[PDB]
Amino acid sequence: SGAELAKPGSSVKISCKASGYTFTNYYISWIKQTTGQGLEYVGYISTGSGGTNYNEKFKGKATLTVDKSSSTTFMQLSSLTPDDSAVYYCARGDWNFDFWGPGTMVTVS
Amino acid sequence: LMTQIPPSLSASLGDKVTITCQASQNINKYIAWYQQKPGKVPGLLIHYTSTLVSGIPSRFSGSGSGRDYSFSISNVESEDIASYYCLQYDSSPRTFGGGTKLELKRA
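So the protein lines, in turn, are chains B and A. To convert, count from 1 in the first sequence and add 107; that's the deposited numbering. Going by the deposited numbering, the residue at position 25 of the second sequence is 25; the numbering climbs one at a time, nothing skipped.
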């Protein structure tokens, strides 16, 4: 959740609620899918150590974070560009993302 | 990064199909394959090149060496339509292939 329409340059915070599992046994990662169906890696956080990594695409604008206690993954998008329009997923990461997000469409216009 | 060929793949039910990806460094078998059925989120099929994650039927198999990995469906069934994506985890950040849409050839 946290999606919706936003005007270019705006900011937004995406959430992701995990359940079933031991939250901190697994890394959560933010991946988007653009309207033309292309998939892109947005960011990677290790929820137990705080450590975040990103492609240049969003470097310095998006900020991934988590709460091992409340079982929450966050994406804080800042200075949104038109190209960030897309569906955003997270996904519980051991050697892959085997579950688990249903999406959440952000639209920058 | 990754390159996926072919882009479109018309196949008849019962047919076999092969979708391949190629990386820029040797990625040591750490690649996975996702199926995004239409109108749904993607789902995992094979991880570590060929290890079938549970629930996936054995008509799907993975293989590959150095930089080229292939997904094979021995007998294509109706439920297998949608877009397949390969993805490497050899080095962050995780990068996905552009996708191969499988369409069912029908009468």
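Note that CB positions come from ideal geometry on N, CA and C, so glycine has one too.
{"Query": "Given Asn26 of chain A as reference, the closest of A:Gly64, A:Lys105 and A:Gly98 once Cα atoms are compared", "Result": "A:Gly64"}
{"Query": "CA-to-CA distance, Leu13 of chain A to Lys139 of chain B, given in whole angstroms", "Result": "31 Å"}
{"Query": "heavy atom of the ligand GTP below 6 Å from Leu184 of chain B C-beta", "Result": "The ligand GTP is absent from the structure shown, which contains no ligand whatsoever."}
{"Query": "Proximity below 7 Å, CB of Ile81 of chain A to CB of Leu44 of chain A", "Result": "no"}
{"Query": "Three-state secondary structure (DSSP) of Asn160 of chain B", "Result": "strand"}
{"Query": "Interface residues of the segment 109-130 of chain B facing chain A [CB-CB below 9 Å]", "Result": "none"}
{"Query": "Boundaries of the beta strand (DSSP E) in which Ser10 of chain A is found, first to last residue", "Result": "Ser8 to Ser12"}
{"Query": "Option nearest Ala125 of chain B by Cα separation, candidates B:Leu112, B:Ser108, B:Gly116 and B:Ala113", "Result": "B:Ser108"}
{"Query": "Per-residue burial, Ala23 of chain A [other beta carbons within 10 Å of its own, 16 or more giving buried]", "Result": "buried"}
{"Query": "Beta-carbon proximity of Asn160 of chain B to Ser92 of chain A, cut-off 7 Å", "Result": "yes"}
{"Query": "C-beta neighbour in chain B for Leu13 of chain A, strict 7 Å", "Result": "no"}
{"Query": "Where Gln144 of chain B meets chain A, residues with beta-carbon distance less than 7 Å", "Result": "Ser83 and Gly99"}
{"Query": "Extent of the continuous beta strand (DSSP E) run through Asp68 of chain A", "Result": "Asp68 to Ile73"}
{"Query": "Which listed residue (B:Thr211, B:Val215 and B:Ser216) has its alpha carbon closest to that of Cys123 of chain B", "Result": "B:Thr211"}
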